[PDB]
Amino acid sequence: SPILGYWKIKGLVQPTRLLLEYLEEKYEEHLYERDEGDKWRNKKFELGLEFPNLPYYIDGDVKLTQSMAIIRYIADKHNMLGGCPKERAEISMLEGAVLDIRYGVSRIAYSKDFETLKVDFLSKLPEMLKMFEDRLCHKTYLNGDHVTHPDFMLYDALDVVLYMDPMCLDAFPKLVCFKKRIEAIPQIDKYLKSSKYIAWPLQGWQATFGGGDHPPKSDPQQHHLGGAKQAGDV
């Protein structure tokens, strides 16, 4: 059975976990705890990875690193990347646009002066969310009536920014509905309430925002889940 290795946090791999659950695909996870950085380093170069890094995905005759290569690989095995160059480009564009939001958070989540850097991030966020809001006019998912991996990437991004600003989706009803729609998918609903769900942290434990072993205050605001704030996976 395939192995997905990463820190026991949402971070870069959460969208991949969501896609795997969405596809109801069987996989095992090697979860590195907060103080297991030493364990990681001792195995980093003994796994047969050509470009050692976290996350990594190992299955039948396939050893991969790079979060985006991994999530795209899983989608590709289920014929979800796109039927022609144009559609594949549309999917990669959506992908990159979600990354601008998600990485936008991580870019300043570890800074000592997060409280001041966010005011700017949150001022540029509406413009970014608006494009997804418009994309969803008459569309159930990004790309139409069918689910694609960027939907899970966007979901992850929405989950994270909601913590930073619980009201950032007030002017975007379609995005609110989108979030609920993903959570309403049977396999996802079950997963979010399961013991394998990792609700926190959002970033690496050391982060000023979305860090720590448990959700602090002035951030933990995002309804509809199952809990598991105390990690819970191993």
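Heads up, when I say rigid core I mean the largest set of C-alphas that superpose within 1.5 Å between the two forms. Numbers for residues come from their place in the sequence shown, where the first is 1.
Participant: Aligning on the core, I want to see which stretch wanders more in 8 other deposited structures of this protein. Is it 111-119 or 124-132 by C-alpha RMS?
Facilitator: Of 111-119 and 124-132, the stretch deviating more in 8 other deposited structures of this protein is 111-119.
Participant: Per the record, averaged over C-alpha atoms, which has the higher B-factor: 64-72 or 185-193?
Facilitator: Taking the mean C-alpha B-factor of 185-193 and of 64-72, the larger value falls to 185-193.
Participant: Highest mean C-alpha temperature factor of the two stretches 165-173 and 45-53, which is it?
Facilitator: The stretch with the larger mean CA B-factor is 165-173.
Participant: Looking at 137, 160, 97, 147, which has the highest Cα B-factor in the entry?
Facilitator: Highest CA B-factor of the listed options: 137.
Participant: Which one of 79, 106, 111, 92 shows the biggest C-alpha B-factor in the PDB entry?
Facilitator: Of the candidates given, the C-alpha B-factor peaks at 111.
Participant: Tell me, lowest, middle or highest third: where does the Cα B factor of residue 130 rank within its chain?
Facilitator: Middle third, going by the recorded CA B-factors of the chain.
Participant: Where does residue 153 sit by CA temperature factor within its chain: lowest, middle or highest third?
Facilitator: According to the entry, residue 153 has a C-alpha B-factor in the chain's lowest third.
Participant: Can you tell me which third, lowest, middle or highest, the CA B-factor of residue 15 falls into for its chain?
Facilitator: Within its chain, residue 15 is a lowest-third residue by C-alpha B-factor, going by the deposited values.
Participant: Once the chain's modelled residues are ordered by C-alpha B factor and cut into thirds, is residue 101 in the lowest, middle or highest one?
Facilitator: Residue 101: CA B-factor falls in the lowest third of its chain.
Participant: With respect to C-alpha B-factor, does residue 84 fall in the lowest, middle or highest third of the chain as deposited?
Facilitator: Its C-alpha B-factor, which the entry lists for residue 84, ranks in the lowest third among residues of this chain.
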